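Asks: What follows is a structure written as structure tokens; I'll ask about it next.
Cβ atoms come from the backbone with ideal geometry, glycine included; neighbour counts cover every protein chain shown. Each answer follows from the model by the rule given with it, or from the source it names; nothing here is a laboratory result.
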Amino acid sequence: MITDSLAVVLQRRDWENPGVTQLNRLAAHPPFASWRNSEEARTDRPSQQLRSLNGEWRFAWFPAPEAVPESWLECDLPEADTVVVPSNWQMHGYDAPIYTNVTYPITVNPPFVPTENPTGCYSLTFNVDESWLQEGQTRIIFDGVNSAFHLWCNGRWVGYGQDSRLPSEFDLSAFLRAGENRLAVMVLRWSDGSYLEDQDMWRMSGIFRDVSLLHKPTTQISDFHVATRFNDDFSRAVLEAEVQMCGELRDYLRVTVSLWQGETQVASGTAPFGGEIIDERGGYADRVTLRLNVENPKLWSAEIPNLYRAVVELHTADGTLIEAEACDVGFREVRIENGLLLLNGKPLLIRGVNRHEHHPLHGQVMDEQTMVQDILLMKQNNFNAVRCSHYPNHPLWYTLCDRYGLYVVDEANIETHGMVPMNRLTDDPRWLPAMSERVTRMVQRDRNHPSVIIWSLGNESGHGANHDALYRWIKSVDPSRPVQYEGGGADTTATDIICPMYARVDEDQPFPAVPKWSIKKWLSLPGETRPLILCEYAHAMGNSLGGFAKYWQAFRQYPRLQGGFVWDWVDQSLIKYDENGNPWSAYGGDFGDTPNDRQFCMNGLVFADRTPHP
Amino acid sequence: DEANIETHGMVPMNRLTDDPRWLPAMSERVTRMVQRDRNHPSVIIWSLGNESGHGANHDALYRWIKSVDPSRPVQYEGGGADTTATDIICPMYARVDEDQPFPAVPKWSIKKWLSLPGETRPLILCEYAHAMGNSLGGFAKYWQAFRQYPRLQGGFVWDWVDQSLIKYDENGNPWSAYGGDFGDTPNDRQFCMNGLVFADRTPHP
Amino acid sequence: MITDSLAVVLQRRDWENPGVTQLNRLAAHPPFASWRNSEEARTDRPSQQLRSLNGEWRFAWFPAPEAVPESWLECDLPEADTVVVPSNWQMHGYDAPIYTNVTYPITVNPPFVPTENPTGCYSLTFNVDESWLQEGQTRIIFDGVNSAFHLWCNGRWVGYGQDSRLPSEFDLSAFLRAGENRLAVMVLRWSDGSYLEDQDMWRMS
Ligand SMILES: [Mg+2]
Ligand SMILES: [Mg+2]
């Protein structure tokens, strides 16, 4: 019909305009999946409401989005294969992936894209449950897409999304019906969001993470925050939690927050809705804040975990419960006082590594069995701090970085390392809305976890006014962690701890307008008090890590230096088969692309198997 | 000068400001002001908004003015007029000798503001001496304290011109109309004058 | 045609979504008006390039944006008066303006608006110069509209704007042609931008 024919969805193009970044999306929230009985919140058994949609799908490939036929949304075309999803369409043998270091693939001309976008068509037929259409809403969850995508449900239009790494969730309440249902998704290659991500990595595009479906009752809970505070002797502790609900309001609803450890319990609390007057008419009528207190805690550190367990549930006054969610919790406190990065009243010494998400066989897809070999092979070799570079990861990495013992540095999705000069798209304030939807929706996803201790804005994107604008927005809505930023010389107002890249130890080299002084010379300049943690040191391609012993004398003699991060952990290689069947590791631009850079894709501390370097 | 923000109806008055889903629509009314009015020699103080609560966004735009133009100060009123989003204190309707306490947003006395522990900034009033009907009584007591103390600076008077509308009878002679007499519901029926002169113009006493 | 029929401009509604605040707008700049010889910059004589379009226009009033007929953009309806522009349609005697102090006019429910928006239709026929279509671009400047508005040039679609007080400027380079030309503008009463302006004043549009 109209306007759900393909002649009217396409023009006017939404993937060329930086003022339209989304249509019909919901808010962000920490992941909870909403199981029903109160008992399984303590045991973390697999819930029955959360339903997964992995498996086999229908697929077809088109050279441009203007040549796709109109009869696709009615029934499936006879030319489709069967493709397992999640996967990229680059590795199956349709196109050739490209690799660059500093230059954009397409011609530089903002905000346009060329007229040959390789576009793809996915299709799926599924059955739905009978009772799910009677009451409540059924939320549909995409955890990954690259880069921009349109969606159709049963021959009608739903929405549109832009961002690549962070998830996207849609509402699908009144559309579907009993029995069988269709879903048709069209995926695009290049869009305006490609002008803000230019990391040193391979270039692939598709659906590469999980896809799931979820069910909620008509009254639900939406958000909740957990915060802790301490006295001076580390002997008495105060927990406070804030619970955000939604939907229909009544009077007789109650909440309950129970704190569990092992099998016994410690503290509990209930309260009804409403309170805490603020300026100046009234107070919030949808929130509650509960306070509990504990004696002699078991603290979280890098050496010993000592996790707790928390259950937050919503129930009536007699009464049967409706919802219960859970989040893990541990106790610590991070602060800067008099010029040292202090944790639990002790100075700290960081030794870490950068990690870049990659796999040789399946492309960008990460399974479960790889993330345990990474943490087990980091702990045995005396590391305790990992930096995710340069985008937020799968939502399961953090809880494996809770139970084992290492620190995590997190990052938004901004890099502009191609423009001339490198602060054109940042200082110009026409790009403030599209740039401030990649930092806000990170903090609301990753704020309950106990592992993250340092936020970071971006990397290699110059200096401007926007990086000063978002900085108070993190430092005004969460005051318990510091904020770090590198580019522009690593001295400016948009940071709190100095972080140069690739700074030497004794000699120094001057540049015009962005020097790199010596590491013992930074601290003695007139009017400088902050500490210094390196963001990148000791590049490691081929035979490298020479002169490494000279850093670890100065790291122990001086009081105020703190350590650094090592680039890089794992190689980025891809596999390819010959006529014999034997494989050989491929690198750079050998697939058949122009241009290329042909050696700067290894950066290896281990191989891609994994098997350790010397 | 001033941007275009007021949210004096919601419950509480920082719902649409603290929630960060409204940051793009709210940051297109301050940026496009500064690029229009920055060459003129008359404007000396920027101001963000009025009567819109306190939140994170009013801290977010503040460094954006103070990082692209450093030659003028920035002023903001709501929330108690003491917070981090301002540089000069500006309460509205603060008295001279007596004080009145409220929960969570007091209005202390004007000689008492400056002597609190850890306070150094000046004080320019944003609104004083409401002037509907016979008013401006007790006006002489402000202009003794404005000349004795060093660090007080003065204030702004609400309001200059009336807001009346005209309407014709069957005779042809006019009469000044006010409030909700056109035929609307609801209305407020006296708070539209606020006059220091009439609507002609012809001066009040 | 498609998509410049009125059945496809309206849904999906852009005046209910706080993520869409503009379509096809240019940057901001201090006002300069671009006269040609170097001598008149010192004397500030009236420039010849800057051309004003005040005067008389065609007008009609509709109770809701869903009942407007489709043959309006072809030729003008026979039921139009002649109205001098700039002016508000409240003072001519079509509706009744409203006044409040603290409460919103419509029912509080963000981000929606009710389904009876009083909408208006302006129309204008004008001649253009011959040499202006040969070289260079011809920028069109609106210095005020309340509140959200759509625009049509010669039966084709151009853009959409939201904000009330600050100006708005569009590009009109490749659309017009020699001789005579039409402009049809449709103005809306309430939109999402009404949830950020609540000053103590009269309510006109
Ligand atoms: Mg780079
Ligand atoms: Mg007010």
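Asks: So for the range A:222-234 (the condition being basic (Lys, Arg), surrounded by 14 or more Cβ atoms within 10 Å (Cβ to Cβ) and outside the structural domain of A:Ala41 (by CATH)), does at least one residue qualify?
Replies: So the first thing to find is which residues in the range A:222-234 are basic (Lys, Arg), and the list is A:229.
Remaining after also requiring surrounded by 14 or more Cβ atoms within 10 Å (Cβ to Cβ): none.
No.
Asks: On the basis of being within 14 Å of chain C (Cβ to nearest Cβ) and either within 16 Å of ligand 2 (Cβ to nearest atom) or within 19 Å of A:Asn24 (Cβ to Cβ) (or both), does A:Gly144 make the cut? Spell out the reasoning first.
Replies: Numbers: within 14 Å of chain C (Cβ to nearest Cβ): no; either within 16 Å of ligand 2 (Cβ to nearest atom) or within 19 Å of A:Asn24 (Cβ to Cβ) (or both): yes.
Answer is no for this residue.
Asks: Residues that are within 14 Å of another protein chain (Cβ to nearest Cβ), assigned to a strand (DSSP E or B) and closer than 26 Å to A:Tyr407 by Cβ: does the range A:480-500 have at least one?
Replies: yes
Asks: I would also like to ask the following. Which condition from (1) away from chain B (no Cβ under 13 Å); (2) surrounded by 22 or more Cβ atoms within 10 Å (Cβ to Cβ) is the one that A:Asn466 breaks?
Replies: (1)
Asks: Across the range C:133-150, what is the number of residues that are in a strand (DSSP E or B) and under 16 Å from C:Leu183 (Cα atoms)? Show your work before the answer.
Replies: Looking only at the range C:133-150, we keep the residues that are in a strand (DSSP E or B), and these are C:139-142, C:148-150.
With under 16 Å from C:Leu183 (Cα atoms) added as a condition, the list becomes C:139-142, C:149-150.
Of the residues in the range C:133-150, 6 are in a strand (DSSP E or B) and under 16 Å from C:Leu183 (Cα atoms).
Asks: Could you tell me which residue of the range A:75-108 is nearest to ligand 1 (Cβ to nearest atom), considering only residues that are closer than 12 Å to A:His362 by Cα and part of a loop (DSSP other than H, G, I, E, B)? If you could, list the steps in order and put the result at the bottom.
Replies: Within the range A:75-108, the first condition is being closer than 12 Å to A:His362 by Cα, and the residues that meet it are A:84-92.
Next, from what is left, pick out any that are part of a loop (DSSP other than H, G, I, E, B): A:86, A:89-92.
Working: A:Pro86: 27, A:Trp89: 26, A:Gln90: 22, A:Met91: 25, A:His92: 29 Å.
Per the stated criteria, the residue is A:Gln90.
Okay, residues lined up against (1) exposed (fewer than 11 other Cβ atoms within 10 Å of the Cβ); (2) under 30 Å from B:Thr185 (Cα atoms); (3) among the hydrophobic types (A, V, I, L, M, F, W, C):
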| position | (1), (2), (3) |
| --- | --- |
| C:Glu40 | no, no, no |
| C:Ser52 | yes, no, no |
| C:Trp57 | no, no, yes |
| C:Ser87 | no, yes, no |
| C:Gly93 | yes, yes, no |
| C:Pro97 | no, yes, no |
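Asks: Please go through the range C:114-130 and give me each residue that is farther than 17 Å from C:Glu79 by Cα and either over 20 Å from the mean Cα position of the chain (by Cα) or not in a loop (DSSP other than H, G, I, E, B) (or both), ordered by number.
Replies: C:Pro114, C:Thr115, C:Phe126, C:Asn127, C:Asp129, C:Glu130
Asks: Something else now. Kindly establish whether B:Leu16 is out of contact with any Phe, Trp or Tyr (no Cβ under 6 Å at 6 or more places or on another chain), facing another protein chain (nearest Cβ under 9 Å), under 18 Å from A:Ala28 (Cβ atoms) and assigned to a helix (DSSP H, G or I). Walk me through it before giving the result.
Replies: Values: out of contact with any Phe, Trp or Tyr (no Cβ under 6 Å at 6 or more places or on another chain): no; facing another protein chain (nearest Cβ under 9 Å): yes; under 18 Å from A:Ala28 (Cβ atoms): yes; assigned to a helix (DSSP H, G or I): yes.
When the stated conditions are applied, B:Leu16 does not pass them.
Asks: B:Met10 is checked against (1) surrounded by fewer than 18 Cβ atoms within 10 Å (Cβ to Cβ); (2) free of Cβ contacts under 8 Å to residues at least 24 places away in the same chain; (3) within 16 Å of ligand 2 (Cβ to nearest atom); (4) not aromatic (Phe, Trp, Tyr) and fails just one. What number does that condition carry?
Replies: Every listed condition holds for B:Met10 apart from (1).
Asks: Scan the range A:398-431 residue by residue and report those that are surrounded by fewer than 20 Cβ atoms within 10 Å (Cβ to Cβ) and either free of Cβ contacts under 8 Å to residues at least 40 places away in the same chain or within 16 Å of ligand 2 (Cβ to nearest atom) (or both).
Replies: If the condition is that a residue be surrounded by fewer than 20 Cβ atoms within 10 Å (Cβ to Cβ) and either free of Cβ contacts under 8 Å to residues at least 40 places away in the same chain or within 16 Å of ligand 2 (Cβ to nearest atom) (or both), then A:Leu400, A:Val420, A:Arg424, A:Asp427, A:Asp428 are the ones that fit.
Asks: Let me ask something else. Take the range A:313-347 and flag every residue that is among the charged types (D, E, K, R), in a loop (DSSP other than H, G, I, E, B) and more than 28 Å from A:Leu396 (Cα to Cα). Spell out how you get there, then give the answer.
Replies: Looking only at the range A:313-347, we keep the residues that are among the charged types (D, E, K, R), and these are A:313, A:318, A:323, A:325, A:328, A:332-333, A:335, A:337, A:346.
Keeping just the survivors that are in a loop (DSSP other than H, G, I, E, B) gives A:318, A:332-333, A:337.
The answer is A:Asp318, A:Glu337.
Asks: Consider A:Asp143 carefully, then state whether it is charged (D, E, K, R), surrounded by fewer than 16 Cβ atoms within 10 Å (Cβ to Cβ) and under 24 Å from A:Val439 (Cα atoms). Spell out the reasoning first.
Replies: Details: charged (D, E, K, R): yes; surrounded by fewer than 16 Cβ atoms within 10 Å (Cβ to Cβ): no; under 24 Å from A:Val439 (Cα atoms): yes.
So A:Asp143 does not fit the description; no.
Asks: How many of the residues making up the range B:165-189 are within 10 Å of another protein chain (Cβ to nearest Cβ) and assigned to a loop (DSSP other than H, G, I, E, B)?
Replies: Total meeting the criteria: 12.
Asks: For residues in the range B:43-82 being within 8 Å of chain A (Cβ to nearest Cβ) and more than 20 Å from the chain's Cα centre (by Cα), which is farthest from A:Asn466 (Cα to Cα)?
Replies: B:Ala56
Asks: Please verify whether the range A:365-384 includes one or more residues that are within 16 Å of ligand 1 (Cβ to nearest atom), more than 14 Å from chain B (Cβ to nearest Cβ) and buried (at least 18 other Cβ atoms within 10 Å of the Cβ).
Replies: Narrowing the range A:365-384 to residues within 16 Å of ligand 1 (Cβ to nearest atom): none.
Checked against the condition, which is being within 16 Å of ligand 1 (Cβ to nearest atom), more than 14 Å from chain B (Cβ to nearest Cβ) and buried (at least 18 other Cβ atoms within 10 Å of the Cβ), the range A:365-384 yields no hits at all.
Asks: Quick one: how many residues across the range A:586-598 are in contact (Cβ under 8 Å) with a residue 24 or more places away in the chain and surrounded by 12 or more Cβ atoms within 10 Å (Cβ to Cβ)? So that I can check it myself, show each step before the final result.
Replies: Here is the first cut: in the range A:586-598, the ones in contact (Cβ under 8 Å) with a residue 24 or more places away in the chain are A:588-589, A:591-593, A:595-597.
Cutting the leftovers down to surrounded by 12 or more Cβ atoms within 10 Å (Cβ to Cβ) gives us A:588-589, A:591, A:593, A:595-597.
Summing the residues that are in contact (Cβ under 8 Å) with a residue 24 or more places away in the chain and surrounded by 12 or more Cβ atoms within 10 Å (Cβ to Cβ) in the range A:586-598 gives 7.
Asks: Restricting to the range C:106-141, name every residue that is within 14 Å of another protein chain (Cβ to nearest Cβ) and of a type in the set (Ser, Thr, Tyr).
Replies: C:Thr107
Asks: Which count do you get for residues in the range A:274-300 that are surrounded by 15 or more Cβ atoms within 10 Å (Cβ to Cβ) and of a type in the set (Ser, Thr, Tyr)?
Replies: Residues flagged as surrounded by 15 or more Cβ atoms within 10 Å (Cβ to Cβ) and of a type in the set (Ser, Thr, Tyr) within the range A:274-300 amount to 1.
Asks: Now a separate question. Please find, among B:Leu23, B:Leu48, the residue that is in contact (Cβ under 8 Å) with a residue 12 or more places away in the chain and away from ligand 2 (no atom under 16 Å from the Cβ).
Replies: Answer to the check: B:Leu23.
The rows are residues; the columns are (1) touching a strand residue (DSSP E or B) at 6+ places or on another chain (Cβ under 7 Å); (2) within 16 Å of ligand 1 (Cβ to nearest atom); (3) closer than 27 Å to A:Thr440 by Cα.
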{"position": "A:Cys153", "(1), (2), (3)": "yes, no, no"}
{"position": "A:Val158", "(1), (2), (3)": "yes, no, yes"}
{"position": "A:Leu166", "(1), (2), (3)": "no, no, yes"}
{"position": "A:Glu242", "(1), (2), (3)": "yes, no, yes"}
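Asks: Could you count how many residues in the range A:126-147 are among the polar types (S, T, N, Q) and in contact (Cβ under 8 Å) with a residue 60 or more places away in the chain?
Replies: 3
Asks: For the list (1) more than 29 Å from B:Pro24 (Cα to Cα); (2) within 14 Å of chain C (Cβ to nearest Cβ); (3) within 16 Å of ligand 2 (Cβ to nearest atom), I need the number of the one condition that B:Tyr93 fails.
Replies: So B:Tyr93 meets the others, but not (2).
Asks: Please pick out the residue among B:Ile65, B:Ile44 that is at negative phi and in a loop (DSSP other than H, G, I, E, B). Outline the logic, then answer.
Replies: On the way: B:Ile65 fails: in a loop (DSSP other than H, G, I, E, B).
Of B:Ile65, B:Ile44, the one residue that is at negative phi and in a loop (DSSP other than H, G, I, E, B) is B:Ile44.
Asks: Among the residues of the range A:485-497, write down those that are crowded, with 22+ Cβ neighbours inside 10 Å and touching a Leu at 6+ places or on another chain (Cβ under 8 Å).
Replies: Correct list: A:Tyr485, A:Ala494.
Asks: Could you list all residues from the range A:385-432 that are aliphatic (A, V, I, L, M) and within 16 Å of ligand 1 (Cβ to nearest atom)? Let's see the steps before the verdict.
Replies: The initial filter retains those residues of the range A:385-432 that are aliphatic (A, V, I, L, M), namely A:385-386, A:396, A:400, A:406, A:408-409, A:412, A:414, A:419-420, A:422, A:425, A:432.
A:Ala412, A:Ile414, A:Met419, A:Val420, A:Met422, A:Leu425, listed by residue number.
Asks: Among A:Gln199, A:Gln134, which is the only one that is within 16 Å of ligand 1 (Cβ to nearest atom) and either assigned by CATH to the domain that holds A:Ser87 or more than 22 Å from the chain's Cα centre (by Cα) (or both)? Working first, answer last.
Replies: On the way: A:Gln134 fails: within 16 Å of ligand 1 (Cβ to nearest atom).
Going through A:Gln199, A:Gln134 in turn, just one is within 16 Å of ligand 1 (Cβ to nearest atom) and either assigned by CATH to the domain that holds A:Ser87 or more than 22 Å from the chain's Cα centre (by Cα) (or both): A:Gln199.
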